[PDB]
Every structure is written in C-alpha cells, then in structure tokens.
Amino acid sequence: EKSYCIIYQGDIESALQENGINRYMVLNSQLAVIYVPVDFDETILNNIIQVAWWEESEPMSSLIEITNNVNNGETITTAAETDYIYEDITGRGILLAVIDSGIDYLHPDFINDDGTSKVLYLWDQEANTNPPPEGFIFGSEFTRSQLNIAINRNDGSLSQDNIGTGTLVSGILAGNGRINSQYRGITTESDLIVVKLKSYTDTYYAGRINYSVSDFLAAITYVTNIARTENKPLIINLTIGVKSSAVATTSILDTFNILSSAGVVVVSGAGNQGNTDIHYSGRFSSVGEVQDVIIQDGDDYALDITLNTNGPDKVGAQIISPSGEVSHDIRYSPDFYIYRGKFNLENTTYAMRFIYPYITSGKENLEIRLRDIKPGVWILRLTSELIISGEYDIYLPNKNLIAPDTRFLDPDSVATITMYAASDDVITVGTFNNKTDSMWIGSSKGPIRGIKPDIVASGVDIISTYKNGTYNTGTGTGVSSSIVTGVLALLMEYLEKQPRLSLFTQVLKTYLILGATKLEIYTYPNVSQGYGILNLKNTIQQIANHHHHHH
C-alpha cells in the first residue's frame, strides 16, 4: 500500500469513489488522504477536477535514539529543571499528544494510585480488535475506561509499544516515578492522548522502521478532534519527522484551521541530521555550468534523493553509476513524465521526475528514486538552466532510515531542519548536551537564508520509562521537544491560573525565548542554539514581570 495526500475542492468523496478509490479519509476542509494498491496509476489524480494538489506520502522516522545508558544518564527532573516548581502547578487541564510507536500502558509509572490510566485515549493504527475512531478507516480506538479494565486484568494486548520511543516520550511528559521516584516526568495532572502509527520496514535499508506522512496527518486529525471534544488546551509533540529541507514556509499542516486556534500548540524536535551528512549545498555562478555531486552509498536497498533550488532557479540532472553508466539527462518539461532506466552492471533501476509538493507552492523539485542500489560512489551531475542566486540544496533520507555509510562526500550541516519543524507556526527545539556543556553533535541546524531552532533543551542520555516496565535512556531532538512540551504544559497552567483565548503558539514561543539562557560570548540568535537554552524558572519570572525578540 502506497498513499497520497490530496488538496481538494468540492465533493471529493463522490469523486474518489467514482474513480475506484475506495480507501480514503477526509482530514479537514482542504486535505484528504488516499490508500491505493502499488499498481495505482497516479495520473488519474490529474483528471479528477475535485483534486487541486496531490503528493505521494513520504517516510517519517524517529527523532529519538535509544542509548541504553541509564547508569550515566540524566534524570528528567534535572533536564527540565522542575525542582523550582515541585520542591499548585501540575499540568492539570492540559492535553498532551504523543504520536509515535505507542505506549506501554501497563508500565507502573503510567498507573495512578487508584489503578487508573494516565492515558485518556489511545488510537492504535495497526490493531483490529476495536472499531477505528469515528471518521477513520483503520486501527482501533481505546478509552481510559477500557485501559482501566486492562490494568485490572494485567492485559497488555490492546496495544503494544514494540519499539519503545513512544513509551520514552510518554515518561518524559508524565511518568509518575512509581518504580523509581528519581525518574519521574514533568507533569502530574496532564492527560495523554496517544497514537501508535502504522509502521513500515526496509524502505531503504534492511531492518529500519519508518512511518508515513498520510498516517501521521490522520493522527493529527484524531488528537485535535479529541481536544475539540474535551475543550482543553492541547500540545502536540512532534517526536518523528520527514526528511530535512531548506524550505522555511508552512507545510501541509497549515491546512488544519484548528492548528491556528488558541490553546493548540505544536512543538517539534529540530531534526537529528546535524552531523549525518545527508545534506548538500551548492551554488552555480552561471547558466550551463555543470557540477558533480558525489554520493557514497552503503548497503542500501533503495534511496530517495530530493533536489530543491530555493527560488526560480532551474537545474537539470543526470545519475552516474560507479561503473560509469548514465541515466537520462533530464531537463524541465511541462509534463508529468517519469524517466526510468537500469544501470546494467549494477542491476540498479532509477525513476526520476519533477514533483510539485504543497510546501513549495507550485515550484517543482526533482525526485530521484534508486532501487536495488549497490554500494559505491554514485554521481549526481547537475546542469544549471536559469539562475538568480544559483543556490540549491540536495537531501537524502534521514540517517536512521539508510545505511550507516550512505552520505554526501561534501556535506553541509547548515539547513538540516526536519521539514515540519521549519515553519514559524511550530516551536522548534534543538538538543543541548549537558555532559559537554555544548550542543549535541547530531542536532539539526537552521538555514542561513531563513531563525531555527527557536530554543534548545537538554536531550542527551535522558532517563525515562521504556518497554516492559523498564527504564532506558534517549538522545535527540525528540527528547528535547518532549522536555519543552512538558514544561510548556506547566507554563500553560500557570498562565491560566494567574484568558485561555490568548494562549497562542506565538505568545508561548515569545515567553520561552525571553526566558532562555544565553551562554557567554556566543552570538545570538544563531542556527545551532536558536535564542538559547530552555529555562523554566526564568520564563516564569518573565511571565510574572519592547521586550519582544523582534522589537
């Protein structure tokens, strides 16, 4: 099953059904997702008048690395600096969304003294034992009442977290320290809304697991539906991400009107591509110039390469195999042609085509798909056709989806933000390393053209709940974003106590930036640290007491 995101106008449901597209979900007034067989002819979508835009759903991967280092780890209390509060603010009345690998809801650290679950709602997109949530076409929805019975019966079968990152995230936000009190999370009275996303294996490299944009967008619809029903503020914590990009405009998440409402806040990790060499930056100085971009491939099965030209610049492209066989030398043409072929010695096939993603507003990007790729040096030969600045960017998939040795020969760590964290409509969090008193080497960096991340937070070897009633440690920007999510829940309750219609992302981001710690002699803001390090105590003092970072 592949899937597509669709921007529609009119009666899209009738139109899809008339075209034999029977598996779909309408997610908001503009956005639908469809699920179709592998043999599906995507050109169909151009001849459905109710379709305005369409894009194949791309892989997403975790922003957390599990590091098995509890003995030298840092507690959540230390990372979030929450002794200043707890040593009447608990996160009461705030909903927190975890969209990830699920949750081990039988972990004692998610069970209250009276035996009830800290999870309010759980949608397991893979399960088939309860009906899906209303308006969705797969998985099983569970409520706290059901989880409470499951806890009483020690029934862990409703939904399992087989990876552990969702459990790690949930513990940062809300673990109660039942097994080890030192390891408790940030909030005590916030409710969790958990979605376990459908998973896929071996997309590029054997043994690696990814998620898919379409399923993620459906999860966004579900958790915001719940927030609307419960009429409570909601923080959505993005601990997974698509591939990195240099674009800084809004994403397809901007189709959700609810994400522009008061009391609905999106926090994302910045990305974990700061040192993974999955980004190439280049610049043409003239038209007709040829530049060769060197890619080393490890033992990948497949690879997707995205080229973006950041402006009106037009660039042609050709793929060259380690043995010297070449692909079509493609140029801009006003058609949807997919150029295909085979590198005979390598037995590798390619598909190259221009893509029109929603985020670039009609500007084409170049997509190159290599299948059955073999190890060695691959060359992307680029020819400029029209330039103003001449600048361009190329991205490989996130490193945790591809072979360890797959990389650009000449990488650029700048402009490695994961794409959904690029927009100013999200609070974007990078990872500080308290052990080295510096940024984590893996933390993605903002672009120079255009500031991300907004702030950073401790996120190296953080101890949290893990599967099967254990503790483990995690590192990365999904850890840091979880720290900020939990602290923001405390800040939102503090603001409400001493109007909720004013708790917009922009307001909360301003307070986080005003309270952030700036280390001596560095220049701020910068594309590594943003405006500085999260500081709960100083942010409260700012809330209590021209000061805007753009004024």
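Numbers follow the displayed sequence, beginning with 1.
Asks: Should the segment between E87 and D88 be described as having none, 1 to 3, 4 to 9, or 10 or more unmodelled residues of the deposited sequence?
Replies: The entry has 4 to 9 unmodelled residues between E87 and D88.
Asks: Per the record, how many residues of the deposited chain fall between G376 and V377 without being modelled: none, 1 to 3, 4 to 9, or 10 or more?
Replies: In the record, the chain runs straight from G376 to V377 with none unmodelled.
Asks: Would you tell me which stretch averages the higher CA B-factor in the PDB entry, 520-528 or 44-52?
Replies: Higher mean C-alpha B-factor in the PDB entry: 44-52.
Asks: Using the B-factors recorded in the PDB entry, average over the C-alpha atoms of 379-387 and of 459-467, then report which stretch comes out higher.
Replies: If you average the C-alpha B-factors of 379-387 and of 459-467, the larger mean comes out for 379-387.
Asks: Among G478, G185, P132, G311, single out the one with the highest C-alpha B factor in the record, please.
Replies: By C-alpha B-factor in the record, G311 ranks first.
Asks: Just grab whichever of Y222, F336, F142, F138 has the top CA B-factor as deposited.
Replies: Highest C-alpha B-factor among the listed residues goes to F336.
Asks: So where's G486 on the chain's Cα temperature factor ranking, which third?
Replies: As the PDB entry reports it, the C-alpha B-factor of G486 lands in the lowest third of its chain.
Asks: Lowest, middle or highest third: where is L173 by Cα B-factor in its chain?
Replies: It belongs to the lowest third of the chain when residues are ordered by C-alpha B-factor.
Asks: Quick check for you: using the entry's CA B-factors within this chain, is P357 in the lowest, middle or highest third?
Replies: It belongs to the highest third of the chain when residues are ordered by C-alpha B-factor.
Asks: State the tercile, meaning the lowest, middle or highest third, of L536 with respect to the CA B-factors recorded for its chain.
Replies: Ranked within chain, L536 CA B lands in the middle tercile.
Asks: Looking at the C-alpha B-factor of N69, is it in the lowest, middle or highest third of its chain?
Replies: As the PDB entry reports it, the C-alpha B-factor of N69 lands in the middle third of its chain.
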